[PDB]
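*Asks:*
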Amino acid sequence: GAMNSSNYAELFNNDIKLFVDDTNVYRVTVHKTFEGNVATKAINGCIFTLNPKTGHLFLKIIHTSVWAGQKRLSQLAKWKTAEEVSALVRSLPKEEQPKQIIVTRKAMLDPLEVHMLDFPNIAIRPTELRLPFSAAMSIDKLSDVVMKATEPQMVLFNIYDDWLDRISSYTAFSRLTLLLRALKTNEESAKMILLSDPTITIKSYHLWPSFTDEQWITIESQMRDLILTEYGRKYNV
Amino acid sequence: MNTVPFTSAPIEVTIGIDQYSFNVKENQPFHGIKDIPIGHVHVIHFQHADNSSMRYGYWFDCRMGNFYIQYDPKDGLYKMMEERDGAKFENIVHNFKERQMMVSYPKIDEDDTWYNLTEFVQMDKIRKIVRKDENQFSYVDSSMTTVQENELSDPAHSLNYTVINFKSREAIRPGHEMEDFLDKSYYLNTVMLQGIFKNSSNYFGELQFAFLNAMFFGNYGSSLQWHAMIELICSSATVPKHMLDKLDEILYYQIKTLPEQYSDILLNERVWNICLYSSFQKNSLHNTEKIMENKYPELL
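Residue numbers (the numbering used here), protein chains in the order written: chain C, 3 to 239; chain S, 2 to 301.
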């Protein structure tokens, strides 16, 4: 069924599960034409498919060529997402296939169920979690690889870097969601918090800075402060 | 004209025969129904006054034999039986009539409603859906589940409706996932009409049977089947012209016959809004759309 906060643990049990977020698959700029009309131009997008236990991110780059000559692109995008997630599951060994796919948007349920008919034991479910995966394209290294792509391309990351050496998958997910929620709420201020000290660097093979445990406590504090500050500004509280 | 005599009426009951219903009191001198038009199928149905739980009845064709009703005080229901001794049957039904303890099938000659509701229903298809080969007539009740419903638990007492599932490999060609889910023409034309039903008459026969089981018995699985078979046609961009024109007439008479105070339980708001206002055939069901808008506007 629809995942939430009683069973918030069940997420991190030994049953392999993948989150699928489709919010960055079909992306457009909205600009004015010569005739004084408004026109969309598609830019590269991505499917965000994440194993929340392991941090393994399957980033399927959606090249703008996929939209060429197609109609109803917002509808097509859900079916393209479902096609690629099904393809990803087919490419995996049986022992690595998920037992649950959790879609961040209920509109993905029918497309994914239809493409996954060959896997009747894989539960396709929505969630009541409001996850900030839309802000994946605020992670510089993810945005760079998506925008540079000249063809369809799958790129693998660990979105937790090396954190699981020191913290639980539950704790790493809570850190990830805080960081993404901050980047979604005030991207420029969230990036300032992360890059404020030029002495703390991002390893070539990482997405985030190499913070010590104490530095992460301080960073998490500053992110919670940023979210609360923005809440106050929006609602005059 | 055929007759269905009753041995007696020991318990108070509402008796239906096709679209008509009457009441019989406990131990009333009732000996059945005379003046029944031949040719079609018929249904005789029951709802006990003392327990309106379990409506039940029997589909039959008078041409296939001589049928009567006898109450079984062990099983507590009116049972249809066949009289194999024609001389005995002719002797009863020439006399009970000479007694006048039978009600007359009240067919108005302008009224062709029952023919419109059963045009495509045939006893031989009914006996494939309701499997009890030792009888020429078929028992249905309120509680009987469908084979499909059993897949999501006594197979002998089940309604063997054609399984329709829009999210199944049968409905969706690998490589045509979006196409076949958004346009069910493949599933309708190749799988159901060419593959399973063989023609539109058998399709409509099952749809008409499902509607009547839903209406007469309040059989939920039958309502689901009726709705599913409508939605499959309406959700297809490609349907022969004759089938759409016939579907409009089939549904019009079904909507016309539906008891006014039964619209909450027998009509699925989602399916009817989709078929009338969103589907490929939204502009193909003129008569149905018009009777639904004027009779049941609350649903839309």
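Ideal Cβ positions, reconstructed from N, Cα and C, are used throughout, including at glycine.
What does DSSP give as the partner residue(s) for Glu83 (chain S) in the beta ladder?
*Replies:* Mapped onto the second sequence, residue 83 (chain S) falls at position 82. Note: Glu83 (chain S) sits in a beta bridge opposite S:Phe68.
*Asks:* Using CA coordinates, which residue listed in C:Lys186, C:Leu181, C:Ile219 and C:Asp163 is at the minimum distance from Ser206 (chain C)?
*Replies:* Position 204 of the first sequence, counting from 1, holds the residue named residue 206 (chain C). The candidate whose alpha carbon is nearest that of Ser206 (chain C) is C:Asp163.
*Asks:* Have a look at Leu213 (chain S) and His32 (chain S) and give me their C-alpha separation to the nearest angstrom.
*Replies:* The residue labelled residue 213 (chain S) in the question sits at position 212 within the second sequence. The residue labelled residue 32 (chain S) in the question sits at position 31 within the second sequence. Roughly 26 angstroms separates the two Cα atoms.
*Asks:* Rounded to whole angstroms, what's the CA-CA distance from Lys236 (chain C) to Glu190 (chain C)? Just pull it up for me.
*Replies:* Residue numbering aside, residue 236 (chain C) sits at position 234 when the first sequence is read from its first letter. Residue numbering aside, residue 190 (chain C) sits at position 188 when the first sequence is read from its first letter. Between the alpha carbons of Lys236 (chain C) and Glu190 (chain C) lies a gap of roughly 17 angstroms.
*Asks:* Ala138 (chain C) and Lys186 (chain C): beta carbons closer than 7 angstroms?
*Replies:* On the first sequence, position 136 is the one that residue 138 (chain C) refers to. On the first sequence, position 184 is the one that residue 186 (chain C) refers to. Contact: no.
*Asks:* Any contact of the region 216-223 of chain S with the region 137-149 of chain S, i.e. 3+ C-beta pairs under 8 angstroms?
*Replies:* Touching, per the Cβ criterion.
*Asks:* To test your reading of the DSSP string, which unbroken beta strand (DSSP E) runs of 3 or more residues are found completely within the region 81-128 of chain C?
*Replies:* 102-105 and 125-127
*Asks:* Would you kindly report the start and end of the unbroken beta strand (DSSP E) that includes residue 302 (chain S)?
*Replies:* This structure cannot speak to residue 302 (chain S), because chain S is shown only from 2 to 301.
*Asks:* Going by alpha carbons, who is nearest to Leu118 (chain S) out of S:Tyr253, S:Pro156 and S:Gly77?
*Replies:* As a first step, residue 118 (chain S) must be located in the second sequence, where it is residue number 117. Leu118 (chain S) has its Cα closest to that of S:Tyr253, out of S:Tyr253, S:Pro156 and S:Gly77.
*Asks:* Any idea if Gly3 (chain C) is buried or exposed, counting beta-carbon neighbours within 10 angstroms, 16 or more meaning buried?
*Replies:* Indexing the first sequence from 1 puts residue 3 (chain C) at position 1. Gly3 (chain C) should be labelled exposed.
*Asks:* Alpha carbons only, please: which of C:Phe50, C:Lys193 and C:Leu114 is nearest the one belonging to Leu158 (chain C)?
*Replies:* Residue numbering aside, residue 158 (chain C) sits at position 156 when the first sequence is read from its first letter. With distances taken between Cα atoms, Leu158 (chain C) lies closest to C:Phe50.
*Asks:* Three or more C-beta pairs under 8 angstroms: does that hold for the region 115-131 of chain S against the region 41-57 of chain S?
*Replies:* yes
*Asks:* Considering only residues of the same chain and omitting the five flanking positions on each side of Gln48 (chain S), which have a CB-CB separation below 6 angstroms?
*Replies:* Working through the second sequence from its first residue, we reach residue 48 (chain S) at position 47. If we look at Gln48 (chain S) and ignore the five residues flanking it on each side, its Cβ neighbours are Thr15 and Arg56.
*Asks:* Please report whether the beta-carbon of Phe182 (chain S) lies at a distance below 7 angstroms from any beta-carbon of chain C.
*Replies:* As a position in the second sequence, residue 182 (chain S) is number 181, starting the count at 1. So yes, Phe182 (chain S) belongs to the interface.
*Asks:* Which chain S residues sit within Cβ distance under 8 angstroms of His117 (chain C)?
*Replies:* For the purposes of this step, residue 117 (chain C) is identified with residue 115 of the first sequence, where counting begins at 1. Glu178, listed in chain order.
*Asks:* For chain S, find out if any of its Cβ atoms is closer than 7 angstroms to the Cβ of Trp81 (chain C); answer yes or no.
*Replies:* Within the first sequence, the letter at position 79 stands for residue 81 (chain C). Closer than 7 angstroms: yes.
*Asks:* So the candidates are S:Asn166, S:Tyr187, S:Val164 and S:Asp112; which of them puts its Cα closest to the Cα of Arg174 (chain S)?
*Replies:* As a first step, residue 174 (chain S) must be located in the second sequence, where it is residue number 173. For the residues S:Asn166, S:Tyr187, S:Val164 and S:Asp112, the minimum Cα distance to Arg174 (chain S) belongs to S:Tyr187.
*Asks:* My parser needs the beta strand (DSSP E) runs of 3 or more residues fully inside the region 121-154 of chain S; what are they?
*Replies:* 139-142
*Asks:* Roughly how many angstroms lie between the CA atoms of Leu111 (chain C) and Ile126 (chain C), to the nearest whole one?
*Replies:* To locate residue 111 (chain C), count along the first sequence from 1; it is residue 109. To locate residue 126 (chain C), count along the first sequence from 1; it is residue 124. Between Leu111 (chain C) and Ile126 (chain C), the C-alpha separation is close to 7 angstroms.
*Asks:* Residues in its own chain within less than 7 angstroms of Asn26 (chain C) by CB, not counting five upstream and five downstream?
*Replies:* For the purposes of this step, residue 26 (chain C) is taken as residue 24 along the first sequence, with counting starting at 1. Here the set comprises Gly47, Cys48, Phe50, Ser136, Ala138 and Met139.
*Asks:* Consult DSSP for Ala41 (chain C) and reduce its assignment to one of helix, strand or coil.
*Replies:* The residue given as residue 41 (chain C) occupies position 39 in the first sequence. DSSP, reduced to helix, strand and coil, places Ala41 (chain C) within a strand of the structure shown.
*Asks:* Of all the options S:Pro6, S:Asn284 and S:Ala157, which has the alpha carbon lying nearest to the alpha carbon of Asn96 (chain S)?
*Replies:* Counted from its first residue, the second sequence places residue 96 (chain S) at position 95. The residue with the shortest Cα to Cα distance from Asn96 (chain S) is S:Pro6.
*Asks:* Distance cutoff 7 angstroms, beta carbons only. Does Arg170 (chain S) sit that close to anything in chain C?
*Replies:* Against the second sequence, residue 170 (chain S) aligns to sequence position 169. Interface residue, yes.
*Asks:* Could you pull out every residue in the same chain whose Cβ sits closer than 6 angstroms to the Cβ of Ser88 (chain C), ignoring the five residues on either side in sequence?
*Replies:* Walking along the first sequence from the start, residue 88 (chain C) turns up at place 86. So the qualifying residues of the chain are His117 and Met118.
*Asks:* Is the Cβ of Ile173 (chain S) closer than 7 angstroms to any Cβ of chain C?
*Replies:* The residue labelled residue 173 (chain S) in the question sits at position 172 within the second sequence. Interface residue, yes.
*Asks:* Hey, quick one: how far does the beta strand (DSSP E) through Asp36 (chain S) stretch, first residue to last?
*Replies:* Sequence index remark: in the second sequence, residue 36 (chain S) carries index 35 (1-based). Unbroken beta strand (DSSP E) run through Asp36 (chain S): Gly33 to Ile37.
*Asks:* Following the continuous beta strand (DSSP E) through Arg170 (chain S), name the residue where it begins and the one where it ends.
*Replies:* Here the question's residue 170 (chain S) lines up with position 169 in the second sequence. Neither: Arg170 (chain S) is in no beta strand (DSSP E) and is coded neither H nor E.
*Asks:* Out of S:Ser202, S:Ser154, S:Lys126 and S:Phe205, point me to the one whose CA is closest to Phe138 (chain S)'s CA.
*Replies:* Position 137 of the second sequence, counted from the first residue, corresponds to residue 138 (chain S). Among S:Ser202, S:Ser154, S:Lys126 and S:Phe205, the Cα nearest to that of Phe138 (chain S) is on S:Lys126.
*Asks:* Which stretch, first to last residue, makes up the alpha helix (DSSP H) that contains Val272 (chain S)?
*Replies:* Locating residue 272 (chain S) in the second sequence gives position 271, where the first residue counts as 1. For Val272 (chain S), the enclosing alpha helix (DSSP H) has its first and last residue at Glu270 to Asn274.
*Asks:* Short of 8 angstroms in beta carbon distance, which residues of its chain neighbour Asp181 (chain S), apart from the five on each side in sequence? Order them along the chain.
*Replies:* As a working mapping, residue 181 (chain S) is identified with position 180 in the second sequence. These residues qualify, in order along the chain: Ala172, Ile173, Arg174, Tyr187 and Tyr188.
*Asks:* Pull up the CB-CB distance for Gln20 (chain S) and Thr114 (chain S), whole angstroms please, since I reckon it's below 8 angstroms.
*Replies:* If you number the second sequence from 1, residue 20 (chain S) lands on position 19. If you number the second sequence from 1, residue 114 (chain S) lands on position 113. Yes, they are in contact, since the Cβ atoms of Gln20 (chain S) and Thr114 (chain S) sit about 6 angstroms apart, within 8 angstroms.
*Asks:* Once DSSP output is grouped into helix, strand and coil, what is the label at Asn190 (chain S)?
*Replies:* Along the second sequence, one-based indexing puts residue 190 (chain S) at 189. Looking at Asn190 (chain S) - three-state DSSP - the assignment turns out to be helix.
*Asks:* What's the gap between the Cα of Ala44 (chain C) and the Cα of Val32 (chain C)?
*Replies:* Residue numbering aside, residue 44 (chain C) sits at position 42 when the first sequence is read from its first letter. Residue numbering aside, residue 32 (chain C) sits at position 30 when the first sequence is read from its first letter. Approximately 9 angstroms between the Cα atoms of the pair.
*Asks:* Run the CB neighbour count on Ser159 (chain S), radius 10 Å, all protein chains shown included, and call it buried at 16 or more, exposed below.
*Replies:* Within the second sequence, residue 159 (chain S) is the residue found at index 158, counting from 1. It counts as buried.
*Asks:* Determine contact between the region 197-214 of chain S and the region 225-233 of chain S, defined as no fewer than three beta-carbon pairs at a distance below 8 angstroms.
*Replies:* Taking 8 angstroms as the limit for Cβ pairs, the verdict is that the region 225-233 of chain S does touch the region 197-214 of chain S.
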